[PDB]
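Starting off, we have a lone chain in the form deposited in one PDB entry, written out as C-alpha cells.
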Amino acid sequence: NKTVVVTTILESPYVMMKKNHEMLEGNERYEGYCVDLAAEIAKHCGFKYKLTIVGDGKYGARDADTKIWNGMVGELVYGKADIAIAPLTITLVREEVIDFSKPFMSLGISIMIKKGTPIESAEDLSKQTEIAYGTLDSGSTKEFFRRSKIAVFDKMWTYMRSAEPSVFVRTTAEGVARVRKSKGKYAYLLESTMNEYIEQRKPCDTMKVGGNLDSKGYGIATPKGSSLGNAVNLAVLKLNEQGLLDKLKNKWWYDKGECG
C-alpha cells in the first residue's frame, strides 16, 4: 500500500487553517468538517493519507478552448491526487470524467442578504436593478444560471453576465464581504450549506431568504476506474447510517454558533 494523496480546498467550515499552522506539520495544520470526514473515511477503508490544498484554488471546470480541466477535478483527471474530499458538487459533466460516491451532504442554491434588504425571493431580484446580485465566478452555481431554461433564472443570468462592475466573486469569503460592505445594495447567490454557516457567525448581519432554487449533493471523488472508488462509496453510506454525518454538521455549524 502507498499513502493516498487527498486534494481539498480552503472553504469554511469544511477546511480551515489552524491558528498556529505556520508552526505545525502535515495534516495537523488543518481543521474542519472535511478534515474530520477524511479521517473517518481513511479509517474505514484502511488507508493512510496526506491532505493537500488544491494548487489553483478552484473546484473544477473544463476550458472550452484548451479542453483542460482545472481545480480539484483537474488534479484527479491528470493523476496529481488520488481522491478529493471537499464540498464538491456532483454534476453530469464531471461524472463523465471522474467518479463520485453517493452524497455525504444535501443542499441547494440559495439567497444571502444583508439584514433589512427588501428581497424575499429570486423573483424579487429578477424584477429590479437597484440591488445588484451575483455568484461565485467559477463553479456549479454559476453554471446553473448559465444553462437554465427557466424564465426567472434565465432573466437573472442575462443581467448578471453583462452587469458592470462585475457581480461575480473569486471566493465565498469575498461574496460575504461584499454583502456586508454594500449596505444592502448587493445580494449573493450561494449554496445553502455555506449560507447556513455564515448566518451563525459574527457580526450576525446576514440571513438566508426564500427556499432553495434546486436540489443536489456533494460527493467524494476519485479518478475514473480507481480501486478506491467502491470502498469509499460504502464508507459514506455507513457513516450516514450510523449518524456520524449529522453529528459532524452540528459540530461545525451549530454547536459553536456565535449568534444566539
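Definition used throughout: the rigid core is the maximal C-alpha set that superposes within 1.5 Å between two forms. In this text, residue numbers run from 1 along the sequence as written.
Taking only CA atoms, the mean B-factor in the PDB entry is higher for 161-169 than for the other of 161-169 and 97-105.
When the mean C-alpha temperature factors of 231-239 and 40-48 are read from the deposited coordinates, 40-48 comes out higher. Highest C-alpha temperature factor among 89, 128, 117, 141 per the entry: 128. Listed residues 54, 35, 194, 64 were ranked by CA B-factor as deposited; 64 comes out on top.
In the deposited entry, the Cα temperature factor of residue 174 sits in the middle third of values across the chain's modelled residues. Among the modelled residues of its chain, residue 27 has a C-alpha B-factor that falls in the highest third according to the deposited record. In the deposited entry, the Cα temperature factor of residue 17 sits in the top third of values across the chain's modelled residues.
Sort the chain's modelled residues by C-alpha temperature factor and residue 110 lands in the lowest third, per the entry. Compared with the other modelled residues of the chain, the Cα B-factor recorded for residue 133 ranks in the middle third.
Quick note: we don't show the form deposited in another entry, though the next part is all about it.
Per-residue Cα shift between this form and the one not shown after core alignment stays below 2 Å for all of 81, 179, 107, 73 except 179. Superposition of the core reveals a Cα shift of less than 2 Å for residue 95 between this form and the one not shown.
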